[PDB]
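What follows draws every value from the coordinates through simple rules; no lab data is involved. Here Cβ is always computed from backbone atoms with ideal geometry, including for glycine, and neighbour counts include all displayed protein chains.
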Amino acid sequence: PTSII
Amino acid sequence: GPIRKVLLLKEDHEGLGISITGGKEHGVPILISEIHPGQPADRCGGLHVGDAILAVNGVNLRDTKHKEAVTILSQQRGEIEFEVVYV
């Protein structure tokens with residue numbers, strides 16, 4: 001799982 | 001490598017410019033997987049793909065699940081201190 005912030 | 005504390009300046013209208021993977025449920029640190037060009041993390045010059053984010057503004061993220069770490073990171077404003085390490 002990848003998140004962008 | 002050694003722990004570094006790195007400052008990032010984020011305007012309210014922009015994101016940090018970082019992709020994140022990892023977290024407690026994966027048995028690995030919160031990890032920077034991408035640094036996006038022109039955004040605060042790129043501009044600061046001190047954050048790199050492969051860095052583990054140990055803490056942000058004194059919030060220890062060494063043992064936090066992905067979602068909650070991302071939420072904490074997303075809540076930070078202005079001049080933000082990242083404690084990172086490239087082991």
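Note on B:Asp12, B:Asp63, B:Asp42, B:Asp51: ascending count of other Cβ atoms within 10 Å places them as B:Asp12, B:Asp63, B:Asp42, B:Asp51, the fewest first. Counting neighbouring beta carbons within 10 Å and listing from fewest to most, the residues A:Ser3, B:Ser33 come out as B:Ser33, A:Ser3.
Proximity of backbone amide H atoms, modeled 1.01 Å from N, is registered between B:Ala55 and B:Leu61, B:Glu83 at under 5 Å, excluding neighbours fewer than 5 places apart on the same chain. Each residue of region B:34-45 was assigned a 3J(HN,Hα) from its phi angle through the Karplus curve 6.51 cos²θ - 1.76 cosθ + 1.60 (θ = phi - 60°); the sequence is 8, 10, 8, x, x, 8, x, 5, 4, 4, 5, x Hz, with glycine and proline shown as x.
For chain B, relative contact order (Cα pairs under 8 Å, six or more residues apart, normalised by length) works out to 40 percent. The dipole here belongs to the protein assembly as shown: it is taken about the Cα centre, uses +1 on the Cβ of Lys and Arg and -1 on the Cβ of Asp and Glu, and is about 200 debye.
Mind checking which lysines have their Cα closer than 23 Å to the Cα of B:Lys24? Skip sequence neighbours fewer than 8 apart in that chain. Leaving aside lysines fewer than 8 places away in the same chain, those within reach of B:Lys24 are B:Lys5, B:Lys65, B:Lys67. Counted by Cβ distance under 14 Å from B:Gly17, the other residues give a net charge of -3, where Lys and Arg count +1 and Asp and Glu count -1.
Ranking B:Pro37, B:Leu9, B:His66 by how far each Cα lies toward the positive end of the dipole of the protein assembly as shown (charges on Cβ) leaves B:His66 at the top.
Here the 3J(HN,Hα) profile of region B:19-31, calculated from phi with Karplus coefficients 6.51, -1.76 and 1.60 at θ = phi - 60°, is 9, 10, 10, x, x, 3, 6, 9, x, 9, x, 5, 10 Hz, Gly and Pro shown as x. Angle of helix B:66-75 to the longest C-alpha principal axis of chain B, folded into 0 to 90 degrees and rounded to 10: 30°.
Principal semi-axes of the equivalent ellipsoid, √(5λ) from the alpha carbon gyration tensor of the protein assembly as shown, are 18, 14, 12 Å from largest down. Each principal axis of region B:1-47 carries a Cα extent, and these read 32, 24, 17 Å when sorted largest first. Inter-chain neighbour count for B:13-19: the average number of beta-carbon atoms from partner chains within 10 Å of each residue's beta-carbon is 2. Cβ crowding within 10 Å ranks B:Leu9, B:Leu16 as B:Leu9, B:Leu16, fewest other Cβ atoms first. The alpha-carbon positions of chain B define a convex hull whose volume is 79 Å³ per residue.
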